[PDB]
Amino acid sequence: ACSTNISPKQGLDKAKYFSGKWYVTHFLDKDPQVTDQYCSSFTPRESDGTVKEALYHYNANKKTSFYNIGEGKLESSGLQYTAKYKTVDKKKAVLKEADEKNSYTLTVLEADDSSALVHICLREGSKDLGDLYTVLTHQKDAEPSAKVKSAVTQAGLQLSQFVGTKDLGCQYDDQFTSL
């Protein structure tokens, strides 16, 4: 099951989260139903409580990439949204529209000018498929801020227990994520 004690940090300036693009420097997957390791980057934007984000995954083992577009509504709680998502090709052509069974809930635990910490619960129907914490930065392999490192320790986690993506030979598609 996804981790239970997850609520958005109150007082967060949303302009810092919905900013630039994010690259995942570190991830923590509690119970990886696969052993393949991924890199990821995404570009979150918000307008009138609606979030839209182009999302990229790179499978570091197979060296393949897949693409999605998430769309969700901000909760009344703060920087937290449940997104449904399209599946697209690298040109953003829709392969599958969003549906009412598949979603993810993203919760911003910290965000500052250079870095973020977010939690993501991926669900399909009645099932939590996967729980992830991800440390984010605005450029590939940038060092996460002290503030975000402190947020990891505040979340009850050890940053050392995360998988660091730098060693994975990540490839990104910065054209896909632009816009």
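All residue numbers refer to positions in the sequence shown, first residue = 1. In this text, rigid core is short for the largest set of C-alphas that superpose within 1.5 Å between two forms.
Greatest C-alpha divergence in 7 other deposited structures of this protein once each structure is fitted on the rigid core, 128 to 136 or 106 to 114: Clearly, after the core fit, the stretch farther away in 7 other deposited structures of this protein is 128 to 136.
Larger mean CA deviation from the shown form in 7 other deposited structures of this protein [core fit; 23 to 31 vs 118 to 126]: When 23 to 31 and 118 to 126 are compared in 7 other deposited structures of this protein, the bigger C-alpha shift is seen for 118 to 126.
Mean C-alpha B-factor comparison - 43 to 51 and 117 to 125, higher one: In the deposited entry, the stretch with the higher C-alpha B-factor mean is 43 to 51.
Higher-B stretch (mean Cα B-factor, as the entry records it), 71 to 79 or 89 to 97: Higher mean C-alpha B-factor: 71 to 79.
Candidate set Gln33, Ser145, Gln139, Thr134 [ranked by C-alpha B-factor, highest]: Comparing C-alpha B-factors across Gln33, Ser145, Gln139, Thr134, the top value belongs to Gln33.
Chain-relative CA temperature factor third for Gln10: Its C-alpha B-factor, which the entry lists for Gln10, ranks in the highest third among residues of this chain.
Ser19 by Cα B-factor - lowest, middle or highest third of the modelled chain: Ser19: CA B-factor falls in the highest third of its chain.
Chain thirds of CA B-factor: placement of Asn61: Middle third of the chain for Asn61's C-alpha B-factor.
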